[PDB]
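Undergrad: mmCIF, C-alpha atoms and all ligand atoms, saved as coords.cif, coming up:
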```
data_my_file
loop_
_atom_site.label_atom_id
_atom_site.label_comp_id
_atom_site.auth_asym_id
_atom_site.auth_seq_id
_atom_site.Cartn_x
_atom_site.Cartn_y
_atom_site.Cartn_z
CA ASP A 1 0.00 0.00 0.00
CA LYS A 2 1.63 3.21 1.27
CA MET A 3 3.41 2.64 4.59
CA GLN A 4 6.49 0.44 4.26
CA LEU A 5 9.80 -0.15 6.05
CA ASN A 6 12.02 1.50 3.45
CA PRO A 7 15.26 3.38 4.16
CA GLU A 8 13.27 6.61 3.85
CA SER A 9 10.77 5.62 6.54
CA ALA A 10 13.56 4.60 8.92
CA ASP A 11 15.20 8.02 8.53
CA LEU A 12 11.90 9.58 9.62
CA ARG A 13 11.78 7.32 12.68
CA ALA A 14 15.39 8.24 13.48
CA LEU A 15 14.50 11.94 13.25
CA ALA A 16 11.52 11.37 15.56
CA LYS A 17 13.77 9.57 18.05
CA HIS A 18 16.48 12.25 17.83
CA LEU A 19 13.93 15.02 18.42
CA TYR A 20 12.44 13.04 21.32
CA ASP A 21 15.80 12.71 23.09
CA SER A 22 16.43 16.45 22.81
CA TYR A 23 12.83 17.02 23.93
CA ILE A 24 13.61 15.30 27.24
CA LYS A 25 16.87 17.12 28.00
CA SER A 26 15.60 20.55 26.91
CA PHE A 27 12.26 20.49 28.75
CA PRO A 28 12.49 19.14 32.32
CA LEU A 29 8.79 18.50 33.00
CA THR A 30 7.45 16.30 30.21
CA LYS A 31 3.82 15.36 29.61
CA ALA A 32 4.16 11.74 30.74
CA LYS A 33 5.77 12.91 33.98
CA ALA A 34 3.12 15.63 34.35
CA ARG A 35 0.16 13.32 33.72
CA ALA A 36 1.42 10.96 36.44
CA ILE A 37 1.34 13.87 38.91
CA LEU A 38 -2.16 14.98 37.88
CA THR A 39 -3.66 11.47 37.94
CA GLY A 40 -1.91 10.57 41.21
CA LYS A 41 -0.15 7.73 39.37
CA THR A 42 3.12 8.81 41.04
CA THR A 43 4.49 9.06 44.58
CA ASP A 44 6.02 12.55 44.47
CA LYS A 45 4.80 13.60 47.97
CA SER A 46 1.47 14.88 46.57
CA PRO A 47 2.16 18.53 45.58
CA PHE A 48 0.22 21.46 47.00
CA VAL A 49 -3.18 22.54 45.65
CA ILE A 50 -4.19 26.21 45.52
CA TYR A 51 -7.98 26.39 45.29
CA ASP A 52 -8.93 29.68 47.00
CA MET A 53 -7.39 32.73 48.67
CA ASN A 54 -6.68 30.86 51.91
CA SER A 55 -4.89 28.06 50.06
CA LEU A 56 -2.93 30.68 48.12
CA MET A 57 -1.76 32.70 51.13
CA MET A 58 -0.94 29.55 53.10
CA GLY A 59 0.61 27.82 50.08
CA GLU A 60 3.07 30.69 49.59
CA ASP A 61 4.79 29.72 52.86
CA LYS A 62 6.76 27.28 50.69
CA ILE A 63 9.07 28.05 47.76
CA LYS A 64 6.93 29.18 44.82
CA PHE A 65 6.80 31.83 42.08
CA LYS A 66 8.03 34.39 44.65
CA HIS A 67 11.64 33.52 43.78
CA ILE A 68 13.71 36.72 43.80
CA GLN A 69 10.35 38.62 46.16
CA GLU A 70 8.73 41.77 47.57
CA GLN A 71 7.11 42.94 44.31
CA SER A 72 3.36 43.47 43.77
CA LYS A 73 1.79 42.53 47.11
CA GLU A 74 -1.48 42.21 45.15
CA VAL A 75 -2.11 38.57 44.30
CA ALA A 76 -3.77 39.24 40.93
CA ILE A 77 -0.61 40.79 39.48
CA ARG A 78 1.84 38.62 41.44
CA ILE A 79 0.42 35.50 39.77
CA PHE A 80 0.64 37.20 36.37
CA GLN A 81 4.27 38.14 37.06
CA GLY A 82 4.98 34.47 37.75
CA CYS A 83 3.57 33.35 34.41
CA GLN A 84 5.71 35.87 32.52
CA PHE A 85 8.72 34.83 34.62
CA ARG A 86 8.61 31.16 33.61
CA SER A 87 7.64 32.24 30.08
CA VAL A 88 11.07 33.86 29.78
CA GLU A 89 12.53 30.63 31.16
CA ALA A 90 10.50 28.72 28.55
CA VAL A 91 12.07 30.84 25.79
CA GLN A 92 15.52 29.55 26.76
CA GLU A 93 14.23 25.97 26.95
CA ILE A 94 12.61 26.19 23.50
CA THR A 95 15.70 27.86 22.02
CA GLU A 96 17.95 25.12 23.39
CA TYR A 97 15.58 22.59 21.82
CA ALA A 98 15.58 24.44 18.49
CA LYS A 99 19.37 24.08 18.24
CA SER A 100 18.92 20.29 18.09
CA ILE A 101 16.60 20.53 15.05
CA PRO A 102 18.71 19.30 12.09
CA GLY A 103 19.42 22.32 9.90
CA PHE A 104 18.16 25.01 12.29
CA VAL A 105 21.62 26.31 13.22
CA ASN A 106 22.67 26.16 9.55
CA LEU A 107 20.05 28.77 8.63
CA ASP A 108 20.64 32.52 8.70
CA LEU A 109 21.19 33.69 12.27
CA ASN A 110 18.60 36.46 11.90
CA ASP A 111 16.06 33.94 10.60
CA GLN A 112 16.74 31.75 13.63
CA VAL A 113 15.79 34.70 15.84
CA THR A 114 12.72 35.43 13.70
CA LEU A 115 11.47 31.83 13.77
CA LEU A 116 11.76 31.77 17.57
CA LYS A 117 10.37 35.30 18.02
CA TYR A 118 6.94 34.42 16.58
CA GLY A 119 7.05 30.78 17.70
CA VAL A 120 7.64 30.68 21.45
CA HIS A 121 4.11 31.83 22.31
CA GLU A 122 2.45 29.02 20.35
CA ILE A 123 4.84 26.46 21.87
CA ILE A 124 4.44 27.80 25.41
CA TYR A 125 0.67 27.33 25.08
CA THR A 126 1.09 23.91 23.46
CA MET A 127 3.36 22.55 26.21
CA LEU A 128 1.18 24.18 28.87
CA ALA A 129 -1.69 21.89 27.87
CA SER A 130 0.43 18.96 29.07
CA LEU A 131 0.29 20.48 32.57
CA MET A 132 -3.48 21.03 32.53
CA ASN A 133 -6.74 19.18 33.12
CA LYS A 134 -10.35 20.18 33.72
CA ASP A 135 -9.49 21.22 37.31
CA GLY A 136 -6.34 23.34 36.95
CA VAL A 137 -2.68 23.53 35.94
CA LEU A 138 0.57 22.32 37.50
CA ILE A 139 2.73 25.17 38.78
CA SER A 140 6.26 25.54 40.16
CA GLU A 141 7.68 22.59 38.20
CA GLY A 142 4.94 20.22 39.33
CA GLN A 143 5.26 21.09 43.03
CA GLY A 144 1.99 23.05 42.98
CA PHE A 145 -1.42 23.01 41.35
CA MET A 146 -3.59 26.10 40.80
CA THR A 147 -7.22 25.41 39.95
CA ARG A 148 -8.97 26.69 36.84
CA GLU A 149 -11.80 28.32 38.80
CA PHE A 150 -9.49 30.18 41.19
CA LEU A 151 -7.68 31.68 38.20
CA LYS A 152 -11.06 32.66 36.75
CA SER A 153 -12.10 34.16 40.12
CA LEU A 154 -9.53 36.96 39.75
CA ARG A 155 -10.40 40.51 38.67
CA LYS A 156 -11.87 41.38 35.27
CA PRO A 157 -8.62 41.70 33.25
CA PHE A 158 -6.79 38.83 34.99
CA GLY A 159 -9.73 36.45 35.41
CA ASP A 160 -10.06 35.78 31.68
CA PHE A 161 -6.27 35.55 31.31
CA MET A 162 -5.77 31.80 31.76
CA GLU A 163 -9.23 30.70 30.61
CA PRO A 164 -8.54 30.72 26.82
CA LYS A 165 -5.57 28.42 27.49
CA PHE A 166 -7.77 25.99 29.44
CA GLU A 167 -10.40 25.90 26.68
CA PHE A 168 -7.66 25.06 24.18
CA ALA A 169 -6.07 22.46 26.47
CA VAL A 170 -9.34 20.55 26.94
CA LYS A 171 -9.82 19.95 23.21
CA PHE A 172 -6.07 19.56 22.64
CA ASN A 173 -5.52 16.99 25.41
CA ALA A 174 -8.52 15.08 24.03
CA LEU A 175 -6.31 14.15 21.06
CA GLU A 176 -4.21 12.14 23.56
CA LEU A 177 -0.78 13.09 22.24
CA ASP A 178 2.38 11.90 23.98
CA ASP A 179 5.87 13.39 24.11
CA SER A 180 6.83 11.64 20.87
CA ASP A 181 4.02 13.42 19.00
CA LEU A 182 4.61 16.80 20.64
CA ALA A 183 8.36 16.83 19.98
CA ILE A 184 7.88 16.72 16.21
CA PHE A 185 4.84 19.00 16.37
CA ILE A 186 6.88 21.62 18.24
CA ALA A 187 9.60 21.40 15.59
CA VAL A 188 7.00 22.02 12.86
CA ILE A 189 5.85 25.20 14.62
CA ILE A 190 9.42 26.54 14.72
CA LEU A 191 10.12 25.93 11.02
CA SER A 192 7.20 28.05 9.81
CA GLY A 193 7.90 29.65 6.44
CA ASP A 194 5.19 32.31 6.83
CA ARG A 195 6.87 34.23 9.66
CA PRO A 196 7.20 37.99 9.02
CA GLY A 197 10.67 39.07 7.95
CA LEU A 198 12.13 35.71 6.94
CA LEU A 199 15.05 36.13 4.54
CA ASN A 200 15.48 32.57 3.23
CA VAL A 201 12.02 30.98 3.21
CA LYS A 202 12.93 27.99 1.03
CA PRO A 203 15.45 26.22 3.35
CA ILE A 204 13.08 26.72 6.29
CA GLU A 205 10.27 25.02 4.35
CA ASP A 206 12.64 22.24 3.26
CA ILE A 207 13.17 21.41 6.94
CA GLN A 208 9.47 21.73 7.76
CA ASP A 209 8.48 19.36 4.95
CA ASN A 210 10.96 16.90 6.45
CA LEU A 211 9.42 17.49 9.89
CA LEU A 212 5.90 17.11 8.49
CA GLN A 213 6.87 13.77 6.93
CA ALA A 214 8.20 12.63 10.31
CA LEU A 215 5.09 13.93 12.07
CA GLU A 216 2.78 12.19 9.59
CA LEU A 217 4.46 8.80 10.00
CA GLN A 218 4.53 9.33 13.78
CA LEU A 219 0.79 9.92 14.20
CA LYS A 220 -0.08 7.03 11.87
CA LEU A 221 2.03 4.55 13.83
CA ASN A 222 1.23 5.92 17.29
CA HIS A 223 -2.51 6.55 16.79
CA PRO A 224 -4.48 3.82 14.99
CA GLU A 225 -7.85 4.99 16.37
CA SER A 226 -7.67 8.65 15.29
CA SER A 227 -7.67 8.78 11.51
CA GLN A 228 -6.81 12.19 10.05
CA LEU A 229 -5.09 13.14 13.31
CA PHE A 230 -2.27 14.64 11.24
CA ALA A 231 -4.89 16.88 9.63
CA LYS A 232 -6.48 17.75 12.99
CA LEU A 233 -3.12 18.64 14.52
CA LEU A 234 -2.33 21.11 11.72
CA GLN A 235 -5.65 22.88 12.28
CA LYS A 236 -4.62 23.28 15.93
CA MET A 237 -1.82 25.52 14.62
CA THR A 238 -4.61 27.99 13.83
CA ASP A 239 -6.11 27.69 17.31
CA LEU A 240 -2.72 28.71 18.72
CA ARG A 241 -2.42 31.95 16.75
CA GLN A 242 -5.77 33.07 18.18
CA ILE A 243 -4.53 32.49 21.74
CA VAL A 244 -1.57 34.73 20.87
CA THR A 245 -3.94 37.35 19.45
CA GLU A 246 -6.18 37.24 22.53
CA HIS A 247 -3.08 37.47 24.73
CA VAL A 248 -1.87 40.57 22.87
CA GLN A 249 -5.34 42.11 23.04
CA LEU A 250 -5.23 41.44 26.79
CA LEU A 251 -1.93 43.33 27.07
CA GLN A 252 -3.59 46.38 25.49
CA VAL A 253 -5.78 46.68 28.60
CA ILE A 254 -2.68 46.68 30.82
CA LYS A 255 -1.29 49.72 29.00
CA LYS A 256 -4.68 51.46 28.90
CA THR A 257 -5.72 51.26 32.57
CA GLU A 258 -3.34 49.51 34.96
CA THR A 259 -0.99 52.39 36.01
CA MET B 1 15.61 42.08 26.96
CA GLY B 2 12.48 42.38 24.84
CA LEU B 3 12.30 38.70 23.82
CA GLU B 4 14.91 39.38 21.13
CA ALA B 5 18.03 39.83 23.27
CA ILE B 6 16.98 36.72 25.20
CA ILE B 7 16.80 34.57 22.07
CA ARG B 8 19.98 36.22 20.78
CA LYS B 9 21.67 35.37 24.09
CA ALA B 10 20.54 31.73 24.08
CA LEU B 11 21.71 31.50 20.45
CA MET B 12 25.42 31.55 21.25
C1 LIG A 301 5.32 28.68 31.12
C2 LIG A 301 4.00 28.75 31.88
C3 LIG A 301 3.58 27.91 32.89
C4 LIG A 301 4.40 26.72 33.45
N1 LIG A 301 2.36 28.29 33.29
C5 LIG A 301 1.55 27.64 34.38
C6 LIG A 301 1.51 28.59 35.57
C7 LIG A 301 0.30 28.88 36.22
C8 LIG A 301 0.30 29.75 37.30
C9 LIG A 301 1.47 30.33 37.73
CL1 LIG A 301 1.44 31.45 39.13
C10 LIG A 301 2.70 30.04 37.08
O1 LIG A 301 3.93 30.65 37.52
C11 LIG A 301 4.86 29.86 38.21
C12 LIG A 301 4.18 29.13 39.40
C13 LIG A 301 5.53 28.83 37.29
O2 LIG A 301 5.55 29.02 36.03
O3 LIG A 301 6.05 27.80 37.78
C14 LIG A 301 2.69 29.18 36.00
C15 LIG A 301 1.96 29.35 32.59
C16 LIG A 301 0.76 30.10 32.66
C17 LIG A 301 0.57 31.17 31.81
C18 LIG A 301 1.56 31.51 30.90
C19 LIG A 301 1.35 32.71 29.96
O4 LIG A 301 0.34 32.85 29.41
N2 LIG A 301 2.45 33.69 29.77
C20 LIG A 301 2.28 34.80 28.91
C21 LIG A 301 1.88 36.04 29.75
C22 LIG A 301 3.63 35.06 28.20
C23 LIG A 301 4.50 36.04 28.70
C24 LIG A 301 5.71 36.27 28.06
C25 LIG A 301 6.06 35.52 26.93
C26 LIG A 301 7.41 35.78 26.22
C27 LIG A 301 8.56 35.69 27.26
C28 LIG A 301 7.62 34.71 25.11
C29 LIG A 301 7.39 37.21 25.58
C30 LIG A 301 5.19 34.55 26.44
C31 LIG A 301 3.97 34.31 27.08
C32 LIG A 301 2.74 30.78 30.83
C33 LIG A 301 2.93 29.69 31.69
#
```
Would you mind giving the structure from this file in structure tokens?
TA:
Amino acid sequence: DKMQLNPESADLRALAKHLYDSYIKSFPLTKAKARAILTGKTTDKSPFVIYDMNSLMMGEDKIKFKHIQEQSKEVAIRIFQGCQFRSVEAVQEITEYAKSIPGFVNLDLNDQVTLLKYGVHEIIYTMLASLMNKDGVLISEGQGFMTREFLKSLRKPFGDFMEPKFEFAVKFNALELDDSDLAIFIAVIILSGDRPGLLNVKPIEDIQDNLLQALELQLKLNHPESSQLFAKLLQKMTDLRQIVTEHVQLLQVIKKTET
Amino acid sequence: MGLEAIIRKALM
């Protein structure tokens, strides 16, 4: 038929394996290790759960997103300053992963910055779904857990801040992807040839076509029940750009009235 | 440090 064990198909399985190994060393908290925490399938001393204001104030008497602090006594902004803090940390983790993509470092150095400039947001929201469920999201490298309703119980600008990510994560986690699917999918997002300001679009697309081939074979082998999952995963790349747009539109309110 | 010096830094 179509799928066969040719030398070309093995090279796509070797690329998937290579990207998976760099996916483990670059990103400390993987999905499989995060799902075991959420479903209690592990024995990691049962991390803390922040579900209201009393659990937040009491839970902060243990090392948390207050790393460096005495900034922003208000809890609505202090939580938001923690998300942007680890987001910067996620930029360095994604960039270290991008270096392991075959051909990424061989591109123009300015294009490498451009691909990561407009790509980190979509990957931060993709990998955040691995830390989420219907109840909340793992925080502080799995040592905490902030509920979805407590985040929504914040003020008007900050209450709807995490909710679009939860609504994406519910439908995205329903696809039941593992780390082997996400590693290639993340590499496809980086090698996007439609980023603004790209100098050499052709060699970026030549790598993405190679990543798409590896992602196609991956989802066919790993997911026999979900036909057209490769098609569904590409449409999710359009869900992500709306989360980025809603996040930018949320930052407009901060400049307007937040003094 | 506006998301461009951070990526430039990590890209040694
Ligand atoms: C990476 C990440 C994690 C692990 N969670 C869960 C999470 C929940 C609650 C708390 Cl309190 C938290 O914080 C401490 C506990 C921690 O992470 O362990 C963490 C996030 C929640 C929201 C956002 C986000 O939407 N971030 C937006 C505002 C942005 C900001 C800046 C950028 C650039 C640097 C690329 C410009 C990109 C996206 C990012 C993350």
Undergrad: Determine, using all atoms listed in the file, which residues of chain A have any atom at most 8 Å from an atom of chain B, and tabulate each with its shortest atom pair and distance in Å to one decimal place, rows ordered by chain and then rising number, as a tab-separated table.
TA:
```
residue	atom	partner	partner_atom	distance
A:88	CA	B:3	CA	7.8
A:91	CA	B:7	CA	7.1
A:92	CA	B:10	CA	6.1
A:95	CA	B:10	CA	6.5
A:96	CA	B:10	CA	7.1
A:113	CA	B:7	CA	6.3
A:116	CA	B:7	CA	7.3
A:117	CA	B:4	CA	6.9
```
Undergrad: I need the residue nearest residue 216 of chain A from this list: A:130, A:9, A:110, A:54. Use all atoms listed in the file for the distance.
TA: A:9
Undergrad: Give one line per residue of chain A that approaches ligand LIG 301 (chain A) to at most 9 Å, naming the two atoms of the closest pair and their distance in Å to one decimal, counting only C-alpha atoms and all ligand atoms; sort by chain then ascending residue number and deliver it as CSV.
TA:
```
residue,atom,partner,partner_atom,distance
A:64,CA,A:LIG301,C12,6.1
A:65,CA,A:LIG301,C12,4.6
A:66,CA,A:LIG301,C12,8.4
A:78,CA,A:LIG301,CL1,7.5
A:79,CA,A:LIG301,CL1,4.2
A:80,CA,A:LIG301,CL1,6.4
A:81,CA,A:LIG301,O1,7.5
A:82,CA,A:LIG301,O1,4.0
A:83,CA,A:LIG301,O1,4.1
A:84,CA,A:LIG301,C23,4.0
A:85,CA,A:LIG301,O2,6.8
A:86,CA,A:LIG301,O2,4.4
A:87,CA,A:LIG301,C1,4.4
A:88,CA,A:LIG301,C27,4.0
A:89,CA,A:LIG301,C1,7.5
A:90,CA,A:LIG301,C1,5.8
A:91,CA,A:LIG301,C28,5.9
A:117,CA,A:LIG301,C28,7.6
A:118,CA,A:LIG301,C28,8.6
A:119,CA,A:LIG301,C28,8.4
A:120,CA,A:LIG301,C28,5.4
A:121,CA,A:LIG301,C30,5.1
A:122,CA,A:LIG301,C30,8.7
A:124,CA,A:LIG301,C1,5.8
A:125,CA,A:LIG301,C32,7.0
A:127,CA,A:LIG301,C1,8.1
A:128,CA,A:LIG301,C3,6.0
A:131,CA,A:LIG301,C5,7.5
A:132,CA,A:LIG301,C5,8.5
A:136,CA,A:LIG301,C7,8.7
A:137,CA,A:LIG301,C5,6.1
A:138,CA,A:LIG301,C5,6.2
A:139,CA,A:LIG301,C12,4.3
A:140,CA,A:LIG301,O3,3.3
A:141,CA,A:LIG301,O3,5.5
A:142,CA,A:LIG301,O3,7.8
A:143,CA,A:LIG301,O3,8.6
A:144,CA,A:LIG301,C12,7.4
A:145,CA,A:LIG301,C7,8.0
A:146,CA,A:LIG301,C8,6.4
A:151,CA,A:LIG301,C8,8.3
A:161,CA,A:LIG301,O4,7.4
A:162,CA,A:LIG301,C17,6.4
A:165,CA,A:LIG301,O4,7.6
A:244,CA,A:LIG301,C31,8.3
A:247,CA,A:LIG301,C21,7.2
A:251,CA,A:LIG301,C21,8.7
```
Undergrad: Show me, as lines of an AutoDock Vina configuration file, the centre and edge lengths in Å to one decimal of the axis-aligned box that covers every listed atom of chain B with 3 Å on each side.
TA:
```
center_x = 18.9
center_y = 36.9
center_z = 23.7
size_x = 19.1
size_y = 16.9
size_z = 12.5
```
Undergrad: Could you jot down the atom CA of residue 149 of chain A to atom CA of residue 258 of chain A separation for me, Å, one decimal place?
TA: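 Between these atoms lies a distance of 23.1 Å.
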Undergrad: List as an MDAnalysis selection string: which residues have an atom within 8 Å of (-0.1, 29.6, 16.8), counting all atoms listed in the file?
TA: chainID A and resid 119 121:123 189 236:244
Undergrad: Neighbouring residues of residue 8 of chain A were defined as those with any atom within 12 Å, considering all atoms listed in the file; residues of the same chain fewer than 5 positions away were excluded. Please report them as a list in words.
TA: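 The filter keeps residues 3, 13, 14, 15, 210, 213, 214 and 217 of chain A.
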Undergrad: For residue 215 of chain A, list every protein, DNA or RNA residue within 12 Å, evaluated using only C-alpha atoms, and leave out those in the same chain fewer than 4 positions away; present the list as JSON, numbers by chain.
TA: {"A": [9, 12, 13, 14, 15, 16, 17, 19, 20, 177, 180, 181, 182, 183, 184, 185, 186, 187, 188, 189, 208, 209, 210, 211, 219, 220, 221, 222, 223, 229, 230, 231, 233, 234]}
Undergrad: Could you please determine the separation between atom CA of residue 97 of chain A and atom CA of residue 21 of chain A in Å, to one decimal place?
TA: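 Separating atom CA of residue 97 of chain A from atom CA of residue 21 of chain A is a distance of 10.0 Å.
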Undergrad: Rounded to one decimal in Å, what is the spacing between atom CA of residue 100 of chain A and atom CA of residue 34 of chain A?
TA: 23.1 Å
